[PDB]
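*Asks:* Here it is: the structure, laid out below.
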Amino acid sequence: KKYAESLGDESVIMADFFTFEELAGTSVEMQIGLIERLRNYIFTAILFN
Amino acid sequence: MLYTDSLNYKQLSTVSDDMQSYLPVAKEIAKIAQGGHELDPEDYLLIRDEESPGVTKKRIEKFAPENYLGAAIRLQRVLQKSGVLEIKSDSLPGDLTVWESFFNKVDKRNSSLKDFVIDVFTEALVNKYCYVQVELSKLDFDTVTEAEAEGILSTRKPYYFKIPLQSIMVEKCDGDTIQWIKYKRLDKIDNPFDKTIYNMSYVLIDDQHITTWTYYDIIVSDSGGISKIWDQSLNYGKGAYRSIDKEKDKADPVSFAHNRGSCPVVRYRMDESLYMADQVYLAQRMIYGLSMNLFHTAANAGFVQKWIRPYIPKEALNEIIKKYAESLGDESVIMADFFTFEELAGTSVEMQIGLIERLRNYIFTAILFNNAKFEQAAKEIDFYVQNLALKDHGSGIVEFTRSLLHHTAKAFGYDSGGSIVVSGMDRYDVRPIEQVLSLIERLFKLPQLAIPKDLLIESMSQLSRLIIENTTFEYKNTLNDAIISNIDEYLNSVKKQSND
Amino acid sequence: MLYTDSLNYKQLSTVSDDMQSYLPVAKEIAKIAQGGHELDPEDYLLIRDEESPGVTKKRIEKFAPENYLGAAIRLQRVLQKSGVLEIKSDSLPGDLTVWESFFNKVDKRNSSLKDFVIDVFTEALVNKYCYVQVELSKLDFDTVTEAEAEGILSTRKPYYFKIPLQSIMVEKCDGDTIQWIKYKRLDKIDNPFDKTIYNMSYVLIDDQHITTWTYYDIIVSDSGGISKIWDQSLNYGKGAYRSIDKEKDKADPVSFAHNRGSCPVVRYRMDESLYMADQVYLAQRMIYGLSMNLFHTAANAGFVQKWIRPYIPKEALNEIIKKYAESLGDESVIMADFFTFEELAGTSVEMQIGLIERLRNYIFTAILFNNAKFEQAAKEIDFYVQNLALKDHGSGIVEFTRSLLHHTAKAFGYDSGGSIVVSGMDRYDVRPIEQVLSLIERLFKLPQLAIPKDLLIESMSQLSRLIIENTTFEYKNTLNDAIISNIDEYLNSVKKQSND
């Protein structure tokens, strides 16, 4: 409870490890590339870029 | 045809099945595209399955709608407005003077023909089936003779009226021609010193008759219909608002024959392959939700946290952390064991940014257009793109100025006349003087016998008003009169030279 | 129509439902767009759900509003001002001299017609429905005969007046034409040696009559209405301020017929698809909040902290840290065990910067414009973009100079006349001399019989005043007179050559 209350710029917390865990993101761009290649095939079915 | 029977509210309020199916999706698409303050964030929440309402409202507070669909609609409207629309006068049946008088003001909004047609096109662009009706003014007199009837027939002044799509209730139409149509119209009687009153009219336009059923002093319901109506007999005869009866509250029709010979409505229907709003509105609401979630995540993970590991009793620990906080600046060396500045790296935020960017790219590629023009000789194309919207606003400004000048002339006691022609606000271009000079030179290089004096006068006047600006209207008038006289003399001289 | 009955404050103060719904959002959008000192940081706080007020005020101290919406409005106004607006004199009904006299000063703000229309366009751009009224001056005399009435009718001098949108209370209008309108007007009677007094007027403009209800010596309320009014009978007859009565405090109407035949107001209504302020104001307030939070985070995490690990008793530790602090510079070698310089890396700050940048990019892409022009032959386009605002300020400067010269002429006892035409401040361009030379050459290459002497005189005078500057007005006048005489001689010579 205390930790949550004092978790901002206006406080120095007294914890032991407080990493900000975040998704790196490599699969999202993988699926984006897959969708992009499907769209590229759709637009190359006609001879267009 | 001629209707003379009062109808219950249920009969008037009927809506055909196809309209019942189509109106909700049209309303949704219009709401998505228009955006603005009418948007309700609640409807565009990607909530994690009913979490605490406090965090929901905190997330709602960060609602920043990016209506890229609205930008695309604006771009298409401006691009189409950049075109030219012309009417061949000789092909107009009947007197040309009455046609010009009508074209001075084609509708109650004072817009010109091209402006009105572009507005119709825009309304169809946001949602198809834009309906326009052509009507007249009403004049009624008693003890009418044949001459009075002739005058009434000869005093018709038509104008256009755009029927809202959501107000359409039913219509019988084959192809594009409309056999007949019944729509609704909520007209507000505004009292300068009292609460606004509302009336509800159901208008049926037929082949040779037009009829209206009117309910007076009603209350509009959340479904767009009637909820409560006034009743003078109520309140022991004083009158009050009572619930609408679907079988006993009947409206007496008022009908008359327009003698048009056909239904005086026209529907503009954008082709399905061209109607892009049907295929991007879902992407737009997805953008709304994703942007809200992205801003919420960034705000909740944007701060920088600084933790310590004290250097060596809860009271002693409290004393230590107090001391540490006090001496945590540039003017002190702390004695701690580990004081990293913990901060979010940020890879998910840019991931969501990329997702929103790809949604926007799809929205702008639904039309064959590239948004990279505004993402990061040559720039003259972008300048012309700006000039397109400049020309649109200039046309609107010219219309407003014409109306203002008409009112001003009426203020002097003059009866107007010629509607005070106003030009300009149509050619926005860098370095415009030499373009007009080139136009003048190219005109003069043409066979002089083939150039009317009016064209030369117009071009020279444009040059004169471009070269000197911020000057008194008297000075410009004097210069234009001198130009006109000199051009007339030159034309007469060249004519007499050519004759002999 | 003719009103002659006093009305209670409740009757005057009524506002139509549509206006009641629309005024708050218009006020909010106007406040967001205008920005400036009127902004209240409290309203744009992304506070972490009611934390300590001390940190809230510390965050408020770091409020630096970046009104990109204001920049976009300025850009659109300047771009539209870059256009040309022209009036065809021959189409003006009635005498042309009175039209020119009116066009010398179209409103009480001394702006020209184009300047006034651009101001109206800007007011509509920030918030739609800009209202303009056309009125006259009032003259009253006693023992009036027919000749006196004729003179009073002939001495009308109309001018324009922009009605603030927030002052609109109710209006009945079909399409763009306004049937009638009631608005409010708070007029301050300023006393050079006393407290400012306030009066409240409710103005109803009708088809053929205009009426005003006036409450004298009132106090404006926080809602824009009346809170307290003066009462001479109060204070035992000495008078005092007492609360307004909504049923007993009645204002006597004063009305007169303007004989315009129609309501002398015009509303400019920017099209919804073109009105961009409705779709970016939320983004602008989000920018305000995000910028405040970003600066607060940067300030609270911007310092560099330096910690130690002492090399080997709390008193002994105090002695050690004192010594360490003393010997922490370039001129000493410390004996510690670990002395890293702890510093914020910074990845979240640039994340928030990117978020604010993308919000600004959306704001600037609501209009089809690219902000990269001011983010990082060719540059001549940017120079012309600057020249646009230069031309706007130049038009304002020319208006001010005309007014100043009019007052100066009045100082000499001269009665003005021609209003002292002033030109210039309209062509800002790099290397302007050869542009004027090219204009002169192109004019002279045209058929000389087709060029009036006035145009040549104007162009040559422009060249003369460009080639020599910082010179006495006498020198420029002498050069211009010589040019005029020489041009007249040349034109006469070529005319007599062409005659025979």
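Identifiers for the structure tokens are assigned positionally: chains receive A, B, ... in sequence, residues are indexed from 1 per chain, and ligands are indexed from 1 in the order shown.
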Got a sec: who's within 12 Å of segment 142-154 of chain B, counting only C-alpha atoms, leaving out chain neighbours fewer than 5 positions off, as a VMD selection string?

*Replies:* chain B and resid 98 136 to 137 258 to 259

*Asks:* Print the selection's residues with N, CA, C and O atoms to a file, as a CSV table (one decimal), in the first residue's frame.

*Replies:*
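Just written: selection31.csv:
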chain,number,residue,atom,x,y,z
B,98,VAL,N,-34.5,35.2,-65.9
B,98,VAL,CA,-35.0,34.5,-64.7
B,98,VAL,C,-34.0,33.4,-64.2
B,98,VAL,O,-33.9,33.2,-63.0
B,136,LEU,N,-41.0,26.3,-53.8
B,136,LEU,CA,-41.4,27.6,-54.2
B,136,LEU,C,-41.7,28.4,-52.9
B,136,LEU,O,-41.6,27.9,-51.8
B,137,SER,N,-42.2,29.6,-53.1
B,137,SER,CA,-42.7,30.4,-52.0
B,137,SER,C,-44.2,30.4,-52.1
B,137,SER,O,-44.8,30.2,-53.1
B,258,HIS,N,-48.4,20.7,-56.5
B,258,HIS,CA,-47.3,21.5,-57.1
B,258,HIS,C,-47.3,21.6,-58.6
B,258,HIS,O,-46.6,22.4,-59.1
B,259,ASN,N,-48.1,20.8,-59.3
B,259,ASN,CA,-48.2,20.8,-60.7
B,259,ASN,C,-46.9,20.6,-61.4
B,259,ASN,O,-46.7,21.0,-62.6

*Asks:* Starting from chain B, keep only residues with some atom at most 8 Å from an atom of chain A, counting only C-alpha atoms, and report them as a ChimeraX atom specification.

*Replies:* /B:303-310,321,325,342-348,351

*Asks:* Return the single residue from B:448, B:376, B:499, B:365 that is closest to chain C, with distances computed using only C-alpha atoms.

*Replies:*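 Comparing B:448, B:376, B:499, B:365 against chain C, the winner is B:376.
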
*Asks:* Do a neighbour search on residue 94 of chain C at 10 Å with only C-alpha atoms, toss out local chain neighbours closer than 4 positions, and write the hits as a list in words.

*Replies:*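 The residues that qualify are residues 409, 412, 413, 414, 415, 416 and 417 of chain B; 90, 98 and 99 of chain C.
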
*Asks:* Can you tell me which residues surround residue 171 of chain B at a distance of at most 10 Å, considering only C-alpha atoms, apart from same-chain residues fewer than 5 positions away, and format the answer as a list in words?

*Replies:*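 Non-adjacent residues within range: residues 15, 16, 18, 19, 178, 179, 180, 181, 182, 183, 204, 205 and 206 of chain B.
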
*Asks:* For the selection you just gave me, I'd like the residues written to a file as a CSV table (one decimal), in the first residue's frame, keeping N, CA and C atoms.

*Replies:*
chain,number,residue,atom,x,y,z
B,15,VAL,N,-41.8,3.4,-40.8
B,15,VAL,CA,-40.6,3.4,-41.5
B,15,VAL,C,-40.4,2.1,-42.2
B,16,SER,N,-40.1,2.2,-43.5
B,16,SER,CA,-39.9,1.0,-44.3
B,16,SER,C,-38.7,0.1,-43.8
B,18,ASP,N,-36.2,-1.5,-45.2
B,18,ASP,CA,-34.9,-1.2,-45.7
B,18,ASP,C,-34.3,0.1,-45.0
B,19,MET,N,-35.2,1.1,-44.9
B,19,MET,CA,-34.7,2.3,-44.1
B,19,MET,C,-34.5,2.0,-42.7
B,178,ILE,N,-37.3,9.1,-58.2
B,178,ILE,CA,-38.1,8.8,-57.0
B,178,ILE,C,-39.6,9.0,-57.3
B,179,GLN,N,-40.4,7.9,-57.2
B,179,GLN,CA,-41.8,8.0,-57.4
B,179,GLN,C,-42.5,8.8,-56.4
B,180,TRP,N,-42.2,8.6,-55.1
B,180,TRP,CA,-42.7,9.4,-54.0
B,180,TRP,C,-41.9,9.2,-52.8
B,181,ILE,N,-42.0,10.1,-51.8
B,181,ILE,CA,-41.2,10.0,-50.6
B,181,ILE,C,-41.9,10.6,-49.4
B,182,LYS,N,-41.9,9.9,-48.3
B,182,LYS,CA,-42.4,10.5,-47.0
B,182,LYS,C,-41.2,10.6,-46.0
B,183,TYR,N,-41.0,11.8,-45.5
B,183,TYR,CA,-39.9,12.1,-44.6
B,183,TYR,C,-40.5,12.9,-43.4
B,204,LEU,N,-45.3,14.1,-47.2
B,204,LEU,CA,-45.3,13.1,-48.2
B,204,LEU,C,-45.4,13.8,-49.5
B,205,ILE,N,-44.3,13.6,-50.4
B,205,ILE,CA,-44.2,14.2,-51.7
B,205,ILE,C,-44.5,13.2,-52.7
B,206,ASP,N,-45.5,13.5,-53.5
B,206,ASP,CA,-46.1,12.5,-54.5
B,206,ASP,C,-45.9,13.1,-55.9

*Asks:* Find the residues around residue 129 of chain C up to 10 Å (only C-alpha atoms counted), leave out those fewer than 3 positions away in its own chain, and share them as a VMD selection string.

*Replies:* chain C and resid 120 to 121 123 to 126 132 164 to 165 176 266 to 271

*Asks:* So, with only C-alpha atoms as the atoms that count, which of C:138, C:358, C:238, C:185 lies closest to chain B?

*Replies:*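 Closest to chain B, using only C-alpha atoms: C:358.
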
*Asks:* Atom CA of residue 455 of chain C to atom CA of residue 492 of chain B: how many Å, to one decimal?

*Replies:*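 Rounded to one decimal, the two atoms are 20.0 Å apart.
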
*Asks:* Based on DSSP run over this structure's backbone, return all residues of segment 9-169 of chain B in helix (DSSP H, G or I), as a ChimeraX atom specification.

*Replies:* /B:9-12,17-34,36-38,41-44,53-60,68-81,89-91,96-104,113-126,146-154,165-167

*Asks:* Have a look at atom CA of residue 4 of chain B and atom CA of residue 215 of chain B and let me know their distance in Å, one decimal.

*Replies:*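 These atoms are spaced 15.8 Å apart.
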
*Asks:* Quick one: residues within 12 Å of residue 61 of chain C, only C-alpha atoms, excluding same-chain residues fewer than 3 positions away - as a count of residues only?

*Replies:* 16

*Asks:* For residue 243 of chain B, list every protein, DNA or RNA residue within 12 Å, evaluated using only C-alpha atoms, and leave out those in the same chain fewer than 5 positions away; present the list as a PyMOL selection string.

*Replies:* chain B and resi 9+218-221+226-231+234+248-249
